[PDB]
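Heads up, the chain below is alone and in the form deposited in one PDB entry; it's given as structure tokens.
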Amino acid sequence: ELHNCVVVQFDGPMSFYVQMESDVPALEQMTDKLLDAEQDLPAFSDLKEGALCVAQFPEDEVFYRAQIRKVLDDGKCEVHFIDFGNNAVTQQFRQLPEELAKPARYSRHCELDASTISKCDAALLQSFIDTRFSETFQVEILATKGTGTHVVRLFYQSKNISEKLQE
């Protein structure tokens, strides 16, 4: 029971987000629809935590489904791109059609059993993972907590990455 995915964001073995090779088809179509409607999307002003909408990714310049995580100053907010998993600060918000708000997030928050983490406590694991953003990893979902976060085992080319926390 191992599914292909890609680690898009890493904050540790306790907090990271991936993109299941399964949901890619849906995600692409989402992006397609968002790119064509973008220009004509209305301005978004209800700026408060948890507010769903469409924010502009400073790097891409493209708008994506986002959730306001923290309201800062000068109309700048830290937002979380639900279909990716990374956050950013921006000032560009446009409304998200209800039709396009129905789908589920396309990036899944995961973590490894904390009970099996660190034998040497590897912070170089961050490096090992980031060095391979362009690569395909594998996960076996042990469960999904009431929060939506999967508890998982991480694999790279058949090898369990936890092995990178010990000798």
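Throughout, rigid core stands for the largest set of C-alpha atoms superposing within 1.5 Å between the two forms. In case it trips you up, residue 1 is the first one in the sequence shown, and so on.
The protein also exists as the form deposited in another entry; that form is not presented, and the subsequent description refers to it.
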{"item": "Core-superposed comparison between the shown form and the other one: the option from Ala37, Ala26, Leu142, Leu124 whose CA moves 2 angstroms or more", "value": "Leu124"}
{"item": "Post core alignment: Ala114 C-alpha displaced by 2 Å or more between the shown form and the other one", "value": "yes"}
{"item": "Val6 C-alpha moves between the shown form and the other one by 2 Å or more, core aligned", "value": "no"}
{"item": "CA-CA separation of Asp121 and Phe137, closer or farther in that other deposited form than in the form shown [shift of 3 angstroms or more]", "value": "closer"}
{"item": "Closer or farther in that other deposited form: C-alpha pair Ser162, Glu111 (3 angstroms or more)", "value": "farther"}
